[PDB]
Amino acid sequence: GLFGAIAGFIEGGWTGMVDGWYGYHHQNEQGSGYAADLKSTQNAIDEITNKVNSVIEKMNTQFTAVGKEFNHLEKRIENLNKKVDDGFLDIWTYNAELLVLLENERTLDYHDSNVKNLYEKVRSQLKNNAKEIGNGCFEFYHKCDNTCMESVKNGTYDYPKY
């Protein structure tokens, strides 16, 4: 949505990849398949978890007994009381509604970002040794087998080749 990746130049997700949120799909001479990025998916989970915990944990309410009783000759304080109840009701409803909206836009942008970053980390690592397709996919000019796969994943990619 914001980083051009998810629902962008990579238009589709993988029902096939069920190991993590972000991860690769190799296509070499030893077979195919999906493999979720270990470090990336783990961090996202931790941080998204922390996010959810914050919105919740920061709510430490006072011990109060809402609701009071007034006789027929105290309609005024009864309405004052109703006003303070309707006030808190409007504040909390509005804030909660917008908190969720705002945070939801940040959460998707957060995920969108991690994808873009994963793509970039691979791209600024294979430079000439491969070409971009445009669909978030690269094509190797140099035969890349399985242990030639990982050097990219592990982020430890040499550069001796043609």
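So that there is no doubt, residue numbering starts at 1 and follows the sequence shown.
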| item | value |
| --- | --- |
| 16-24 versus 141-149 - greater average Cα B-factor per the deposited record | 141-149 |
| Between the two ranges 121-129 and 103-111, the one averaging a larger CA B factor in the entry | 121-129 |
| Top Cα B factor in the deposited entry, candidates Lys51, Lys58, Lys68, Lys39 | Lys39 |
| Top residue by Cα temperature factor, when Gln30, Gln62, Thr93, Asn43 are compared in the entry | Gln30 |
